[PDB]
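This report concerns only the one structure given below.
2 protein chains.
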Amino acid sequence: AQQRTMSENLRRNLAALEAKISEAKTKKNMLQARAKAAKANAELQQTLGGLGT
Amino acid sequence: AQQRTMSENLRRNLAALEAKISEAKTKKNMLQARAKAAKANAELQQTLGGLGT
Ligand SMILES: Nc1ncnc2c1ncn2[C@@H]1O[C@H](COP(=O)(O)OP(=O)(O)O)[C@@H](O)[C@H]1O
Ligand SMILES: Nc1ncnc2c1ncn2[C@@H]1O[C@H](COP(=O)(O)OP(=O)(O)O)[C@@H](O)[C@H]1O
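Protein chains in written order, with the entry's author numbering: chain A, 109 to 161; chain A', 109 to 161. A prime marks a further copy of an entry chain.
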């Protein structure tokens, strides 16, 4: 009974940990994509910008 | 829902980027052609020009 309820709490912490990691992965990747969009936009600002070469 | 609407915005930026690049390619090539036309015209001004050799 003691080992079971201890384990149940540990299991709950495990579920929470997994959910947070899943969220972090999702966020990480969208940020890489958003960073790349910004980089691409900057290069278009260069080419379709002012005067230069 | 959150990831979807984020992605939709990112997708819109992607479409815009692609359109601008397409325009830049079109413009680039016509300019090379116009530059070549100018060069050719200059050589005809030379040959069918004034006096020389
Ligand atoms: N004569 C120019 N006019 C505009 N931009 C130039 C010129 N020469 C170089 N640039 C480059 O283009 C960018 C123009 O600055 P930016 O702040 O992007 O324009 P804006 O303030 O109109 O958005 C600069 O980062 C600069 O490196
Ligand atoms: N005696 C000449 N008469 C006219 N052009 C000459 C003569 N000798 C050399 N040229 C060459 O031909 C060009 C004539 O100048 P250009 O401004 O093209 O003529 P226009 O002013 O009549 O259009 C010059 O770039 C020059 O290099």
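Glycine included, each C-beta is placed from N, C-alpha and C at the ideal position.
Any non-hydrogen atom of ligand 3 closer than 7 Å to residue i Cβ
{"i": "A/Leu156", "result": "As far as ligands go, the structure on display features ligand 1 and ligand 2 and does not contain ligand 3."}
Segment limits, alpha helix (DSSP H) that includes residue i
{"i": "A/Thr161", "result": "Element bounds for A/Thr161: n/a, residue is neither H nor E."}
{"i": "A/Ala132", "result": "110–155"}
Nearest to residue i (by Cα), restricted to the options the options
{"i": "A'/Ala124", "options": "A/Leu159, A/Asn149, A/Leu125, A/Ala124", "result": "A/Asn149"}
{"i": "A/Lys144", "options": "A'/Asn121, A'/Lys133, A'/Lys144", "result": "A'/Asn121"}
{"i": "A'/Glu116", "options": "A/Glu131, A/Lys147, A/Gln111, A/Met138", "result": "A/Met138"}
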